[PDB]
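Visitor: This one's a deposited entry, sequence included:
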Amino acid sequence: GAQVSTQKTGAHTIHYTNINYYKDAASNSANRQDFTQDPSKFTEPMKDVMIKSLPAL
Amino acid sequence: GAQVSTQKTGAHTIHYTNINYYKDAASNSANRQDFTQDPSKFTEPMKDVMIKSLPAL
Amino acid sequence: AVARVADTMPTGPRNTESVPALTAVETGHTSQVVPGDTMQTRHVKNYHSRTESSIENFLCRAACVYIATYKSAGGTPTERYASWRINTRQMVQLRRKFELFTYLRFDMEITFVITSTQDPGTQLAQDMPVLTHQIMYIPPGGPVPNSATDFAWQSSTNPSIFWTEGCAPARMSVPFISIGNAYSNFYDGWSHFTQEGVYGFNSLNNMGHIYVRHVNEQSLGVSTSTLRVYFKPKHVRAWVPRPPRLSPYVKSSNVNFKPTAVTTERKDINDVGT
Amino acid sequence: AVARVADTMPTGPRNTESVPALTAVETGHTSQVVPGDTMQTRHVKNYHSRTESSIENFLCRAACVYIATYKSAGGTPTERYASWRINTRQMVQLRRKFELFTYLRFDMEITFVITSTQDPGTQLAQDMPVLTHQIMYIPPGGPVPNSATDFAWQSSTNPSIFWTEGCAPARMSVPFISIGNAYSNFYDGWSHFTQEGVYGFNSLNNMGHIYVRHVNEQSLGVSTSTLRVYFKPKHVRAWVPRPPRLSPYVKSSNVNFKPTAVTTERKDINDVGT
Amino acid sequence: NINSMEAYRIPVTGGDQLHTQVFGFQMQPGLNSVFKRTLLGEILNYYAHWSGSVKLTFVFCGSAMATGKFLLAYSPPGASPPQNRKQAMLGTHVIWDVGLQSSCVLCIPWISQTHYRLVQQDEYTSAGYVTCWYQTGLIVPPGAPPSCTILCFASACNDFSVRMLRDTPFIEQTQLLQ
Amino acid sequence: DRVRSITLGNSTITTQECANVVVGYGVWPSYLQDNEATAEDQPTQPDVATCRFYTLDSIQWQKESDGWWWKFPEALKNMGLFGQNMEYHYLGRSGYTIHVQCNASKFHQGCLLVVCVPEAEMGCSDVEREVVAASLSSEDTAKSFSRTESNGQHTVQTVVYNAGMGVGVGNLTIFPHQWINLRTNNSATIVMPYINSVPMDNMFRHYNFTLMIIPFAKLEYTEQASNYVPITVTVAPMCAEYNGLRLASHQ
Amino acid sequence: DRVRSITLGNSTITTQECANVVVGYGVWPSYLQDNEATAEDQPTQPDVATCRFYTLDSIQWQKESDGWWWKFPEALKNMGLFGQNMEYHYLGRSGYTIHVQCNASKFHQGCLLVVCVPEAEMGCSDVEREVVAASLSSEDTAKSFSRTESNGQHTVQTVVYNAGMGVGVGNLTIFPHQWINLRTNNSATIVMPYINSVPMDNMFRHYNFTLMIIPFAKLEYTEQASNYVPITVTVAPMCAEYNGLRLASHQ
Ligand SMILES: CCCCCCCCCCCCC/C=C/[C@H](O)[C@H](N)CO
Ligand SMILES: CCCCCCCCCCCCC/C=C/[C@H](O)[C@H](N)CO
């Protein structure tokens, strides 16, 4: 039950504890530490992979 | 005492903790996660087992 | 997982002697025909569940069962406290949900919501401390208080809860306290062996009374209060399901009714519009 | 660490055929040119992060969505309680943040902030107990209360929360309760298959109502109260980002507008001053 | 017919036939005059959302010498309701031959774009119509009753689901019952 | 056994007094192989939207009736999406399943012959002339036979004992046939494969086969009984595919 | 490279000055899996007869022009057999491929923005009212933008810099877009997948996405040159499937 996770500190006793008390997944706290990203779907939505140094046309 | 059980999430840190504080079984929380069923007593209350593909009469 | 629903297996065309649609209701049998017997279906993975439709998720929601008012005045000592023979028949929203089943066995949480006001007239209060209420449960046969400030409000064995106004509502748990093995919602019978007396469930209801009062005199004015009792049945097992009721209730001790129509009317038998 | 930004690698002079600055926007492509392609840079270790700019850190902040007032008077029973068809369109600060995305799927915490006062006039109270409020959620199709002190305030199946004044605000959690698989903020279509009816998202909003009342009569005077509902979406996934809105909103059920200028004016095209 | 036993019975008759519908109703198991008061529709009014496939079983309660064939159609809600058997044969339909086995299950599939439908439906989550038409007609021998009676049944399949409990808009009160 | 059920597409057909299923000349309807195909382009294959049961119009078996015929696939011109692919595609190839149902009583009597005649070329009534297309097959109704000789100048010779072709009507039992005897039988189902000399053919200028229903033993009853005995025809295409997509014609 | 060719069905599209192919939000159009499907019955899948290139009407890029829009799939209502399956089936699900072509010269100049806007909800011109369906999308022609404010009572607000939605017209570049620069480019092809909140939807009461063509840099030329520069739009459905076959409506 003790899900020991790390706190938020800036890169130049950092762990916290969290218990799920209620029987529903919507009762939990916010998922504030999921930091994935994939910007290639909007920046490079091409069929062919485009190289920077190679010319486009 | 720590009865670690799973939360409720939809199929496409999910565990919670529960302690019984009081000395009586009626003091507990609700049994919201007992999902058994047996609908054959009202749908098929027959003496002989009836097959779908075989004719009834 | 638990407790999901069945998937529809994929189906092609067919020309068989094994017809599953043709059946016979005369045997008293509900058919097990899934849509794959009468048409071509596709393989879907049904991820729905029936967790919200179980017995415990259906009944574990608190519902009001009584509304009782009482004063803090002088004179008419019947108004200085309230009474309730314990029922699940006076408020309809919980009465109809219980009466889909014949028998019931459960535990319970009981929440008291008390909400006061100041009574009008001359010689008002203008500075009052908080109010405190005593909610005594009397098992069947105990000493009934005739008024407030009585000897029966000591409650050396009757369970009583004292509650000041402004805090969270009072709440306790109660086990399965019946004499038999199930709370009979319906009782087709009598009370005396000579087939005389009280026909119905009112002879089986022997659960006791509930008394609520102000433990404080005040000494200046009157303040009415309204006790609302809430029932949440937990650890519920139920047997012998009944049809839901059609006609509206009339009495709190009877299944007496007036004959109502089976549905609401419509214009034609073939009325697919509009 | 996660989720930091890219470092600028050091760069010297160059004379190449591989020019990275010259590109072509006609392909619909945003260039990946870092500053090391057009000038000489130095090796810095960028320790910044994008934790504050994620979807969950952007939307998990509570915002007001409604302001509802109700009385405790006598007469005009529509003022004795308040109603709300549940929207995220009436208050603009949360409406604009949602409408940067087409679809949304999340859970929610809902906080109720109730703040009362004493209504003027003759025959005031001068000694009142605390107030208590019942905030009933009615899923779509349920029994609507016509006034306060109604049979529909029993709520045997509707979730209700009772809250005395003076304590912490009431708060509960709500799952993803939509029919589909995402809360559609935009719906380019109709309600009937004949391309008639209600154009827009107002046909997709079937979430139910919210009713709030005083559970206490008082019996002397009037006290108004103001319910403020707060929405915090958590466990948020979002799809298909939209441009942010330019013209101010007019209606709570439309994207209707009046045509506004694209920016604010300035004196000249070459206006580096002052 | 709602204050009698005749609400549950469907009239079928003799000559000639088949330019007439047998019955017809919308597919709305929680909000309809037809089958919101049945066993399926009473539990549906305790919930807001529903899903799954619904069965309809039809018993022929005529004489044992009467023949007949019927068309039991179901139509998705995309277009207008059918007015004859040429428009009703294109939807999901079965053909029921009345014989030694006197029942036929027309199993309405779950065709929608959403995973759930509302119980109190609207123009968005409409499900369509259920019609019935004469295929051939009743042929009875001399000395037999010329008209018969069909009964309709409704239940759920094994992939039915409900969600979002609410109070029913079916029972009311004004004061406390004494 | 006497109970069957034929499920194709989103439609089923249930019977309770069945003779059997005659299946063409032995073979089952299938798709065109790569060994025999001559159209170069990719064929379309709508499984559920085309191969399903279509109920045609109903006729009335009177006591003086003599026969009817339907020409296929022209009878399913305005039947659903099967008729919409015929207009848009120049080529077509399909097998069928012909369910014909007529229930009367234990007290009625009669007999029918349900044949499927491939390439049923029909003769005119005025010799040294030629029929027109409006006299060979109606839009959805049945073209009937006449007990006497047909006098028309551009109609089919609809005499019944020559079967409209010049052959003996008793010798029609070579073709895939059943009999609806009202004493023993209730319905008649016939599964016909694709019978042609070419691998595919345009299904506007070539009636592939003709369905004929002819009462050999006529219908009689008693005045207490019913006096309306109808016949219903329900035909499903099977393994249908098309080629040559162009503009719709007609229309 | 600048030369491409897109072959779908019995139709090809050849270009010789191409930018690239923008493919939606990354993904390719596909069929509905068994993991996500909710319709119980078997779906139809016409490969060649439905998924092919359809050429819409042609417009005229004038020197004072400001923009147009088409709403899909309502623009292909009477386009072949794709529009015939929409009427017969209650459900539909498809991806698209939007080829927009406009060749002028080495001496003309101009620019266009070809966006595909999912769920492009559009605002009325008379506020405190509502649009009608005849003002949102014509039967085959293009609905155009206006340079000034629209005065109508039941029309779309067709002002161009608010893009008919209330947003900035420069910020439309989030959506899958190309640019037809007449200096470097000749055509613009965009492959859009199926974007919806539900797995399938009825394609009569729900415009899935709107195609907008807006000239940011206008068209100018010299009097020696040509004075008719048209734009042609060619849209092919991709991986289309349907459910819920009933009678045709409408019609
Ligand atoms: C002041 C302390 C109050 C303590 C509260 C306990 C009083 C309530 C005890 C009785 C409640 C048990 C549940 C009763 C259910 C119904 O009687 C059955 N449905 C009818 O048989
Ligand atoms: C008295 C107890 C009150 C219980 C509170 C629950 C009521 C609120 C339920 C609805 C909230 C769900 C979130 C709704 C979001 C918007 O409707 C979507 N953005 C629009 O589709």
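Guide: Arrived safely. Numbers count the residues shown, from 1 in each chain, chains lettered A, B, ... in the order given. Ligands and ions are numbered 1, 2, ... in the order given.

Visitor: show me the contacts for the closest residue to residue F:214 other than its chain neighbours.
Guide: Spatial nearest neighbour of residue F:214, excluding adjacent residues (Cβ to Cβ, 6 or more residues apart in numbering or on different chains): residue F:67 at 4.0 Å. Where C-beta positions appear, they are placed from N, C-alpha and C, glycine not excepted. Listed by Cβ atoms under 8 Å, 6 or more residues apart in numbering or on different chains, the contact set of residue F:67 reads F:144-145, F:160, F:212-215.

Visitor: Please indicate which of these are buried?
Guide: Using 16 or more other Cβ atoms under 10 Å in any protein chain shown as the burial test, the contacts of residue F:67 include F:145, F:160, F:212-215 as buried.

Visitor: Could you check the longest strand along chain E against chain F for contacts?
Guide: Criterion DSSP state E: the longest strand present in chain E is strand E:148-156. No: residues of strand E:148-156 are not located near chain F by Cβ under 8 Å from any Cβ of the partner chain, the shortest gap being 12.4 Å.

Visitor: quick one: buried residues of that strand?
Guide: So strand E:148-156, judged by 16+ other Cβ under 10 Å, has buried residues E:148, E:150, E:152-156.

Visitor: same question, stretch F:186-197
Guide: F:186-194.

Visitor: cool, and stretch C:59-67?
Guide: C:59-67.

Visitor: need the residues you listed in JSON lines with distance to chain G, can you?
Guide: Converted to JSON lines, these look like this (distance: Cβ to the nearest Cβ, whole Å):
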{"residue": "C:59", "distance to chain G": "30"}
{"residue": "C:60", "distance to chain G": "30"}
{"residue": "C:61", "distance to chain G": "29"}
{"residue": "C:62", "distance to chain G": "35"}
{"residue": "C:63", "distance to chain G": "34"}
{"residue": "C:64", "distance to chain G": "38"}
{"residue": "C:65", "distance to chain G": "41"}
{"residue": "C:66", "distance to chain G": "45"}
{"residue": "C:67", "distance to chain G": "44"}
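
Visitor: Name the nearest of the residues you listed relative to residue D:263.
Guide: The shortest approach to residue D:263 among the buried residues of stretch C:59-67 belongs to residue C:61, at 54.2 Å (Cβ to Cβ).

Visitor: what's the closest residue to that closest one other than its chain neighbours in contact with, if anything?
Guide: The shortest distance from residue C:61 to any non-neighbouring residue, by Cβ to Cβ, 6+ apart, is to residue D:157 (5.7 Å). If a contact means Cβ under 8 Å, 6+ apart, then residue D:157 has C:61, C:63, C:93, C:97, E:46, E:165-167 as its contacts.

Visitor: Residue C:77 now?
Guide: Counting by Cβ under 8 Å, 6+ apart, residue C:77 touches C:146-148.

Visitor: TSV for the contacts of residue D:157, including secondary structure?
Guide: Below are those laid out as TSV (DSSP: H, G, I helix; E, B strand; the rest coil):
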residue	secondary structure
C:61	coil
C:63	strand
C:93	helix
C:97	helix
E:46	coil
E:165	strand
E:166	coil
E:167	coil
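
Visitor: sorry, back to before: from the buried ones among the contacts of residue F:67, pick the one nearest chain C.
Guide: Within the buried ones among the contacts of residue F:67, the smallest distance to chain C is 21.5 Å, found for residue F:213 (Cβ to the nearest Cβ).

Visitor: Compute the distance between that closest one and residue F:11, please.
Guide: 22 Å (Cβ to Cβ, to the nearest Å).

Visitor: In helices, which of the contacts of residue F:67 appear?
Guide: Of the contacts of residue F:67, none are assigned to helices by DSSP state H.

Visitor: still on that earlier bit, in strands, which of the contacts of residue C:77 fall?
Guide: Using DSSP E, none of the contacts of residue C:77 sit in strands.

Visitor: among the residues you listed, who's most crowded?
Guide: residue C:148 (20 neighbours; other Cβ atoms under 10 Å in any protein chain shown).

Visitor: which residue does the stretch 101-250 of chain F bring closest to chain B?
Guide: residue F:186 (16.1 Å).

Visitor: Verify the stated contact: that residue with residue F:14.
Guide: No: in this structure, residue F:186 is not within contact of residue F:14 by Cβ atoms under 8 Å, at 11.2 Å.

Visitor: what do those two both touch?
Guide: residue E:97.

Visitor: interface residues of the stretch 1-150 of chain C facing ligand 1?
Guide: Neighbours of ligand 1 within the stretch 1-150 of chain C, by Cβ under 6 Å from any ligand atom: C:86, C:88, C:104, C:108, C:110, C:135-137.

Visitor: does any bit of the longest helix seen in chain E sit next to chain B?
Guide: The residue-count maximum for a helix in chain E (DSSP H) belongs to helix E:39-44. No: Helix E:39-44 lies out of reach of chain B by Cβ under 8 Å from any Cβ, never closer than 10.4 Å.

Visitor: That helix: which residues count as buried?
Guide: E:40-44.

Visitor: roughly how far apart are the residue in the stretch 101-250 of chain F positioned nearest to ligand 1 and residue C:271?
Guide: Proximity of the stretch 101-250 of chain F to ligand 1 (Cβ to the nearest ligand atom) peaks at residue F:103, 55.4 Å away. Distance, residue F:103 to residue C:271, using Cβ to Cβ: 29 Å.

Visitor: Looking at those two now, which is surrounded by more residues?
Guide: Applying other Cβ under 10 Å to residue F:103 and residue C:271 shows that residue F:103 carries more neighbours, namely 29 against 15.

Visitor: what residues are up against the more buried one?
Guide: With Cβ under 8 Å, 6+ apart, residue F:103 has these contacts: E:67-69, E:97-98, E:136, E:139, F:17, F:186-187.

Visitor: what helix or strand is it on?
Guide: Counting by DSSP states H and E, no helix or strand carries residue F:103.

Visitor: What is the burial count for the closest residue to residue E:7 other than its chain neighbours?
Guide: Sequence neighbours aside, residue E:1 is the residue nearest to residue E:7 in space, at 4.9 Å (criterion: Cβ to Cβ, 6+ apart). Residue E:1 has 13 neighbours, counted by other Cβ under 10 Å.

Visitor: just checking, residue E:1 touches residue E:8?
Guide: No: taking contacts as Cβ under 8 Å, residue E:1 lies outside contact range of residue E:8: 9.1 Å.

Visitor: Show me the beta-bridge partners of the closest residue to chain G within the stretch 101-250 of chain F.
Guide: Closest contact between the stretch 101-250 of chain F and chain G, by Cβ to the nearest Cβ, is at residue F:245 (5.8 Å). Residues in a beta bridge with residue F:245, per DSSP bridges, are residue F:89.
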